[PDB]
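Only one chain comes next, encoded as structure tokens, the form deposited in one PDB entry.
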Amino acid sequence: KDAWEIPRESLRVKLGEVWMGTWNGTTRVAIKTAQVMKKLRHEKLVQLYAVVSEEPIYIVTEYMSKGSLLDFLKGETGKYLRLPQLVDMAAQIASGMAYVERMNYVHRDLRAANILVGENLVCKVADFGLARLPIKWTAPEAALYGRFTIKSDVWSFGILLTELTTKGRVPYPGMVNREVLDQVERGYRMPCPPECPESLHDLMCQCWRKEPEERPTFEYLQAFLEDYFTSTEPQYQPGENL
């Protein structure tokens, strides 16, 4: 064992198998019941508090109040979410992934389901169970050949942008996995979502490139979305949904 190890009795309501418990009677934690979540440490990544190595293996992390990003968009709160908040959340995710990027790691499962919302629309990347150094979300070179890179996470980020601009609607509506695999290889890309700016949709298609090394880095993705409503879309005005 190591320094991350804690006794199984040191930590004291179900959520979805992750529970909301209490660590040392003063810390609000979350317990999910590598050595990859330990090394990675960023404000936009869900922080690991402690680990249990005895059966059953526990994972003690920080607590996010608003839950999953997918539930948050589909939920009652998500219908008032406009583009300024949505691009801001995308920027927060792209911030953590940029950290993951320069750390030379791969997430291999970047999607709204694995992103948690907290107070003040704070979004953090979670679940590094497949992390190393979902076909509708996965890059084709990874869903076929197992070529998982940071540029395969950019593809998923491109898919993620559709979930945000549609409030959590499943990518490629009406299509099944084998139907997606066939269409994507043929060049089919998801069209510009209703009331979504083309500059944002262009960024999607850039994340959806046949050539992995032609997809832009998360450092670019972060900078593009953070400076969005000034450099790219300063003429923006509110609509019915976006």
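Each residue number is its position in the shown sequence, starting from 1. C-alpha atoms forming the largest set that superposes within 1.5 Å between two forms make up the rigid core.
Although it is not shown, the form deposited in another entry is what the next lines describe.
> Which of these moves by 2 angstroms or more at the C-alpha between this form and the one not shown, core superposed: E55, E198, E211, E43?
Between the two forms, the residue that moves is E55.
> Quick one: once the rigid core is lined up, does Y105 have its C-alpha move by 2 Å or more between this form and the one not shown?
It does not reach a 2 Å shift.
> My question is whether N24 is one of the residues whose C-alpha shifts by 2 Å or more between this form and the one not shown, given a fit on the rigid core.
Where the cores coincide, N24 still shows a C-alpha shift between this form and the one not shown that is 2 Å or more.
> For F128, is the C-alpha shift between this form and the one not shown 2 Å or more after core superposition?
Comparing forms between this form and the one not shown, the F128 CA shifts at least 2 Å.
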